[PDB]
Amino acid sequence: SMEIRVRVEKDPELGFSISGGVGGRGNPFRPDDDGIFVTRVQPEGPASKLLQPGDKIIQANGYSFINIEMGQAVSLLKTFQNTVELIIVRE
């Protein structure tokens, strides 16, 4: 795996969906991982060609997503304006 930095600019949203979280309902890639996983990406949205299903988000605008709950991850990402700098784990 690898740590990739991507910048997704809200227009007006980031354009992707996430699954997982600590105590959450899991993810379709690695069930033994309570991390946050990109699950669906809008074909021509702000995250298109930048994020892919399976991406594990471990940092968003300097905020670590390790041991984060889903409700908190969604809350944080909706709070950010403009661009969100992500650090993702990609195969």
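A residue's number is simply how far along the shown sequence it sits, counting from 1.
Trainee: Using the temperature factors of the C-alpha atoms in this entry, rank residue 27 within its chain: lowest, middle or highest third.
Mentor: Tercile = middle for this residue's CA B-factor.
Trainee: Grab the CA temperature factor for residue 40 from the record and place it in the lowest, middle or highest third of its chain.
Mentor: Its C-alpha B-factor, which the entry lists for residue 40, ranks in the middle third among residues of this chain.
Trainee: Just say lowest, middle or highest third for the CA B-factor of residue 91 relative to the other modelled residues in its chain.
Mentor: Answer is highest: the recorded C-alpha B-factor places it there.
Trainee: Within this chain's modelled residues, let me know which third the CA B factor of residue 72 belongs to: lowest, middle or highest.
Mentor: For residue 72, whose C-alpha B-factor we compare with every modelled residue in the chain, the answer is the lowest third.
Trainee: Hey, what third does residue 55 fall into on Cα B-factor, ranked over its chain?
Mentor: CA B-factor rank for residue 55: lowest third.
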